[PDB]
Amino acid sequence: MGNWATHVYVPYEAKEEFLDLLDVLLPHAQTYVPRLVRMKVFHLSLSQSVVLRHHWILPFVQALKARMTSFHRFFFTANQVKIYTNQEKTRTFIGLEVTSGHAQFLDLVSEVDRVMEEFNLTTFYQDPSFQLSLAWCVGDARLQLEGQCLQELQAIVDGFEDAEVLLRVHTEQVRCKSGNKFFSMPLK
């Protein structure tokens, strides 16, 4: 029945205020790299993207639910613009990196990692970061986006009047995507 792309993350509610901020940030970045495309959904990753045999999807989700069940909602800040690539430098991203709340994400990762190991899947990246990805493009666009563009994007965010949309985000759930299936679970 195939091996399914599996990924664990914390959903980010993309409120109108956030999407309307992106309506300013993205065209600004597109003056430097027009081919940037907005992300469709937003979240903070807690696992690598792995592949899992179909037979183990529901057991994996059950194991995750049991470990995530005891964690509480918490607040985080994501208002620092970041340019990053995938490992092979064939995709570039613009994101908002988490500052306050990073430690709480690490605690979630520690429990997700145990479920990964239980299913013979890789644990999280060695030097972890958490970020809301806003937009991406093909190729390595760091030279066009780092420097002047990055500083201008940060100035737009800094000028967003400390809006709670980025400053004090209240997490509510953990979600596992496996193929075209989405399995949610609440934080307390």
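Sequential numbering from 1, following the sequence displayed.
A summary of the deposited B-factors shows that, of 109 to 117 and 82 to 90, the stretch with the larger mean C-alpha value is 82 to 90. Mean C-alpha B-factor is higher over 121 to 129 than over the other stretch, the pair under comparison being 121 to 129 and 57 to 65. The residue among 52, 157, 138, 44 whose C-alpha carries the highest B-factor in the deposited model is 138. Comparing the C-alpha B-factors of 36, 134, 143, 153 in the entry, the top value falls on 143. The PDB entry assigns residue 26 a C-alpha temperature factor belonging to the middle third of its chain's modelled residues. Among the modelled residues of its chain, residue 8 has a C-alpha B-factor that falls in the lowest third, as given in the PDB entry. Looking at the C-alpha B-factors along this chain, the one for residue 76 belongs to the lowest third. In this PDB entry, residue 169 carries a Cα temperature factor that places it within the middle third of its chain's modelled residues.
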